[PDB]
Amino acid sequence: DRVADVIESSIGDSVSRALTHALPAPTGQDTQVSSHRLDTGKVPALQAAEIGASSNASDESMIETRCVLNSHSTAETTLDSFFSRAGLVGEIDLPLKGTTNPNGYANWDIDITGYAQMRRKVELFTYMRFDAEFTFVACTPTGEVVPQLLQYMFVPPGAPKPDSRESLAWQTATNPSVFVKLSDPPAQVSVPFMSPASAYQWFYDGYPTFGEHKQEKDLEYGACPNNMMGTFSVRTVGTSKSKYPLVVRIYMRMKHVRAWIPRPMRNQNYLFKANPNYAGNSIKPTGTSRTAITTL
Amino acid sequence: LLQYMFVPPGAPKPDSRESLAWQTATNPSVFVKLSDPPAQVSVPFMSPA
Amino acid sequence: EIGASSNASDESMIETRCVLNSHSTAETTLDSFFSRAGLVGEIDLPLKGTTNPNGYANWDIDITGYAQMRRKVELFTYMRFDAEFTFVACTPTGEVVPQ
Amino acid sequence: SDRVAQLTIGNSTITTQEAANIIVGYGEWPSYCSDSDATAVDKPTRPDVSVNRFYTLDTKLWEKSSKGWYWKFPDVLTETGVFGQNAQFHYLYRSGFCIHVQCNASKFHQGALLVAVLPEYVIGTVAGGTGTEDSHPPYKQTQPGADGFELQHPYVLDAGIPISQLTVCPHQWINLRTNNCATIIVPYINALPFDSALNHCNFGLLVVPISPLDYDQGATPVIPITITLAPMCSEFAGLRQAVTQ
Amino acid sequence: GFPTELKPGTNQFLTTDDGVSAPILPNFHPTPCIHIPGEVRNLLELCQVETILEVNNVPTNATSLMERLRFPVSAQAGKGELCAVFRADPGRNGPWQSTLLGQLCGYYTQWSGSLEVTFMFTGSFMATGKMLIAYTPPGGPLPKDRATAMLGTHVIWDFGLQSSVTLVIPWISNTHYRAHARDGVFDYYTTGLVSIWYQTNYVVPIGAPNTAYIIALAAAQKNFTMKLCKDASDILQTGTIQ
Amino acid sequence: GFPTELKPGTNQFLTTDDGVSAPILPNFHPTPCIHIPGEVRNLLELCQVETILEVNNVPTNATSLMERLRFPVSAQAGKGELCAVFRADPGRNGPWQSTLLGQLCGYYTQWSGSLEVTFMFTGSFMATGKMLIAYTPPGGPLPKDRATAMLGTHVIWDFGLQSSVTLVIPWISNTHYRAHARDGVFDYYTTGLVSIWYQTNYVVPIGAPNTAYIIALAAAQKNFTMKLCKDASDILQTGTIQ
Amino acid sequence: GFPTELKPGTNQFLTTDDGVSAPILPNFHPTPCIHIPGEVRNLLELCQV
Amino acid sequence: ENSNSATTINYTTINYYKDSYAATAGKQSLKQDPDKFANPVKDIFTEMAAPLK
Amino acid sequence: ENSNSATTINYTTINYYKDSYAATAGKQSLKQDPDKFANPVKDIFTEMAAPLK
Ligand SMILES: CCCCCCCCCCCCC/C=C\[C@H](O)[C@H](N)CO
Ligand SMILES: CCCCCCCCCCCCC/C=C\[C@H](O)[C@H](N)CO
């Protein structure tokens, strides 16, 4: 390197320059004693919101305050305190006579977007990285517990999915499987982080395949292959048909949680899984309304 | 099979057996059978005073 | 024609960059590959039938009865291991009964 | 001091005399990928001055009844100059950005704009109006190109989320009373070290008039809005043929 | 073996319980984590960010939904007229439901701390005026005129080069924490009212518009905390999500 | 006795669980282990061994099954004609299913690393020629001619005393790992294409055969790894094994 | 696992038993206690009035 | 044990197996960086002084 | 305990009985010998040099 453009160059600097840093903060900030002020040139109240930053005025600048020692804890607003609570994420029905799953087996694609209460919580951020904990509660349509043997198999993507109650894929020589009774307490296991990326993403702005994107290939927009973790399969262990109808409910609880890049929370009703679609005719405001702005 | 849910003030109370509030994504809940020994839990001091 | 594999590397053929690889090789060991339970046998005890109608049965210990584990074990010629057998019992329909 | 500014990168320069400081998104500057993060083996190319310079896309007119517009990045620059040629010749892409929005008026005009950057801005449909039809937006709406696209329901941001919470994203205001420009600097935002520039869009730029434009009859009625941007710390890898689609 | 005994808490499934479970994939190592910008460690960081406050939540038509984001100001007769009023409860229904702070506090029963409201003037450069923004602590009725409204904590705002002013709603309460307030017994937890009055007038020269608009932004201070996590009052699902 | 409690995971049988069980034969000592040659400790050692790649998987008759192991080369008109094309995904259906690397990767969902392909020329000693073997990274269509194929990573192979050449398929991907690719959404994980073109010609003197054959051998490099063990897609049993 | 045995006292609910139970609200911190006059520690103080 | 957890936080976990992703949630570290979103400006300004002049 | 296991690997087992073949699988040692199958040749040759000359 001889020319004095390469020596002085900043190309190749891989270190991130951070303007800010994190500080310990176990409790809320205290309030100190302040008195009256009568001066020119110091205006804590006057701000400029066009800059794009929040107001830096404090309690002591605007009014006269007293000394208060704040010991309120901030430990309930962390991510593990907010997300490590189990919620319903799926439901599987195994009826005797019906059209959905009459043959005694069912397949469920692993997804979180099926129910609104957990979907709205998880869609506050763009990227998320966590471990899981799945609990399976099984019973009859009326809630009664009956003697029966069940099998749950986890099928990673690419593995052959069972096609019948007596399929050869139920030998589970490689895939993990669980044998449990309906008289036992609900089964629960642990799940790692399996994404090929560094974090799950709930919003993907793009197409997964190359080539022209026509109108008959529009169902591929927004589909991220890195979130497709496989299939959950269930059957009644036997050769003949079972005697009772069954219902299975799945609850999942996160742990070891990290999150990035917050975004506005959902405003309208949900319509489809993995789709931000909303009802065009009925758009409702975020909150309530009143008759006049000058009254209550 | 029974379910007990603890509803803190301000939270929406269920209005039917199939209410959407039974998803218990935030409120603590307990699933227990009648053949099990009685369920029991611990409760802190929650008063604003 | 020598009978050995190619010794060429990435750096010899193309221009490369410095990459630090931290991917683990702990999932391809033999204990990580074989310590997963699989079906190896099945015994039927019917009320009326021709196979085992008298209430007892005998099964010769073998692994070659089912293809999924047989194909895995027949990748090598010699194998030395401990075992762990689990017996799941139920009725033909899956119901559990006192017996 | 904070009102006058100059931005120099490459062979282009921008001068302004009415500014409101520079926002550095998420408190981080653009930088190159480190050896620990990198996964591909081939060495990337860094053309430097030929791709990191200011580009101007188009001019849009502000009316008394405007709704808003949005652009997709880096979809705007995939057809412009050496950056476009490099992006459509290689497979992998990474870079930061610097965004400058300009809009000027007189001392008798009034109005306000919100300029925000939202990563992974997925667009939804009105679902036929009743929520019964599972439709998807056409390719024109998802990636409009360098001409942009106009919002239909700015209140829900065309995606079902409120606009009143868009300030959580890196943003500025253009108040015709105070300033006439907005500058935002964005690092590379993704869950992967490299990605395709023809299949993935990193973020989107939103310009929505919160307070409507007004003026008395006799003043100039044409109030244009112009967008200028410049890549920062661009990297390419995976050389092959040139594909446009 | 070792003699043990079972206590009256076995065989139950508590959703908030934190324990150990058997892993399904042994010796599995996850993908390395690269640096991603914008990591959030606590929700109070998001609670300290300003968002638009819909003080003018009168209109409801689809075409007029964007008109809820600002409220007007214009020339008056000089009597000290009233402009707008709203409540100071972030968790209650009303203007605060449009902010991120209100949405985040909707998940928590109790809160404590000071709030902050910022008003930005979006008129022409040739317009002038002064305003009085007053906060009335709990127990006092809605002020009838400006003379009664001046008796609480207030600030006087003068339009000029700096287009924004900030009003701080200090923490004045008898209890350490407040629960979510509503009509009935739970109106024991009201925070008060905020009113905006004309100080002098809205003066404008010849050739400039007679009406301007104000944008209100709201956030929290550094002593704000919440506790006793619960579920949101509104669920965004009307049937089966297909 | 000691008070305990039971948690919602009892009485289940997880097949991948690793625990303790009661021995059936106490004080039993197994046979001593003598030295046996050829012990394998890890599967990557087998993944680094070359095996024949069936590029020419056209014929299916029983008599013609041995013809899938090689593809021909002969004299052309000198325009730079095309010889053969195939994909670079070891886990996908196609040529790679005949190698040991493909069979071993069939048990794992994700993989990462560089690959290696070796071509051996089995013509006469009096034959000469040159060839171009090109690798096209993902996103590019099948090259129409040699001019477009030269723009990717390639090598030019000259027949001589050394009958073999090696082409290295470097790791070029956006994610750290790839999942198994197939038509549809999962074609997000394609690795690219490999093409073989005539450089100059296949020149042969009087009295030597006009057609020769090429054998392709494939293996992996030293950075190849897999994870997330699963089951093979194909089961070799059509009924009850009697 | 670890071999154990169950003794003839399991599955009962003794009201005067003192033991541990699973908390329902994790990481919850109660309100601080201010000084209040007139705290009673034992009932004999009231028995002496 | 294998160090295969998803996680400067989460330091007080309890485990019974050899895989780190089966442990308890534990307690995290109480640190905040409000200025990342509240004050992402390039040139910081004092509260007393006028922001724009 | 009796040392009657089937096994330079498998060193971190857990046991509750006196027979070593009832313990857990544990963790093995990460060692590889690719040259046993890849390069079983008698006279090793350098990559740069021509293999046969
Ligand atoms: C007997 C074992 C049954 C296993 C049950 C399923 C376990 C597999 C869970 C995979 C990881 C869960 C998280 C999945 C990914 C994202 O959350 C969703 N794709 C979002 O749509
Ligand atoms: C109540 C105890 C029942 C015991 C069940 C059977 C245990 C005996 C197992 C013997 C060892 C198993 C492995 C057998 C040998 C080879 O695997 C097979 N012969 C292969 O065909």
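Residues numbered from 1 in each chain as written, not as in the entry; some residues may be left out. Chains lettered and ligands numbered in written order. Part of a larger assembly, values for the part shown. Heavy atoms only, no water. Residues with missing side-chain atoms left out of burial classes, pairs and counts.

Method of determination, as given in the entry header: cryo-EM; reported resolution: 3.07 Å.

Asks: What's the story with the site of ligand 2 in this structure? I'm lost.
Replies: Taken together, C:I61, C:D62, C:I63, C:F85 and C:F87 make up the full set of residues near ligand 2. Taken together, the residues of the shell around ligand 2 sort by class into four nonpolar, no polar and one charged. (Near = heavy atom within 4 Å. Nonpolar A, V, L, I, M, F, W, Y, C, P; charged D, E, K, R; others polar.)

Asks: Looking at this model, I keep getting lost on the interface of chain A and chain E. Mind explaining?
Replies: Think of interface size as the accessible area that goes away when the parts come together; that is how it is often given. Listed by partner, the interface residues are 89 residues for chain A and 89 residues for chain E. For the side of chain A that touches chain E, the secondary structure elements donating two or more residues are β2 (46-47), α1 (59-62), α2 (79-83), α3 (116-122), β5 (125-139), β8 (187-191) and β12 (255-262) of chain A. By residue class, the composition of the side of chain A that touches chain E is 43 nonpolar, 31 polar and 15 charged. Pairing between β8(A) and strand β3 (residues 22-23) of chain E: two bridges, direction parallel. Bridge pairing in β3(E) links A:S190 to E:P23. (Contact = heavy atoms within 4.5 Å. Helix = DSSP H or I, 4+ residues; strand = E, 2+ residues; numbered from the N terminus. Pairing = 2+ DSSP bridges.)

Asks: What am I meant to see in the nonpolar core here?
Replies: Where a protein is soluble and globular, its nonpolar side chains tend to be buried together. Counting residues in hydrophobic clusters, the biggest one holds 184 residues, and the most contacted among them are A:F125, A:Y152 and E:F119. If one sorts the elements of this core by residue count, β5(A) sits on top with eight residues. Not counting residues within four places of it along the chain, the set of residues in contact with E:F119 comprises E:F71, E:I133, E:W157, E:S163, E:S164, E:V165, E:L167, E:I196, E:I214, E:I215 and E:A216. Within the second largest apolar cluster, 51 residues are counted, among which are C:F33, F:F71, F:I169 and F:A212. (Core = buried A, V, L, I, M, F, W, Y, C linked by side-chain atoms within 4.5 Å. Buried < 20%, exposed > 50% of the residue type's maximum accessible area, 1.4 Å probe, protein only.)

Asks: Sorry if this is basic, but what is going on with the site of ligand 1 here?
Replies: All names here are of chain A. Close to ligand 1 lie 14 residues, the nearest being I112, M194, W202, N227 and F232. In the environment of ligand 1, a nitrogen atom lies 2.7 Å from a nitrogen or oxygen atom belonging to the backbone of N227. Here ligand 1, which alone exposes 580 Å², has 95% of that area covered by the protein. For the shell around ligand 1, the elements supplying multiple residues, two or more each, are β5 and β6 (149-155). (Polar contact = N/O pair within 3.5 Å; in protein donor to acceptor, adjacent residues only side chain to side chain. Areas by Shrake-Rupley, 256 points an atom, 1.4 Å probe, with all protein chains shown as cover.)

Asks: Any chance you could explain the packing of aromatic side chains here in plain terms?
Replies: The relation between two aromatic rings is expressed through the spacing of the ring centres and the mutual angle of the planes. Enumeration according to the criterion identifies 43 aromatic pairs over all chains in this entry. Seen from their ring centres, A:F82 and E:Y107 are 5.7 Å apart, and the 90° between their planes marks the pair as edge-to-face. Residue A:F82 is found in helix α2, and its partner E:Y107 is found in the loop between α2 (100-105) and β7 (108-112); the two belong to separate chains. The exposure classification of A:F82 matches that of E:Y107, with both residues buried. Here the aromatic rings of A:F193 and A:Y200 are separated by 4.8 Å at their centres, their planes lie at 65°, and the arrangement is edge-to-face. The residues A:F193 and A:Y200 share a single accessibility class, namely buried. Aromatic rings pair up to connect A:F82, A:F83, A:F125 and E:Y107 into one cluster. Sitting above the plane of the A:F203 ring, A:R263 keeps its charged end 4.1 Å from the centroid. Positioned above the aromatic ring of F:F186 is the side chain of F:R182, whose terminal nitrogen or guanidinium carbon lies 4.0 Å from the ring centre. (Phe/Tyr/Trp six-rings, centres within 6.5 Å; stacked < 30°, edge-to-face > 60°. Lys NZ or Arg CZ within 6 Å of the ring centre and 35° of its normal.)

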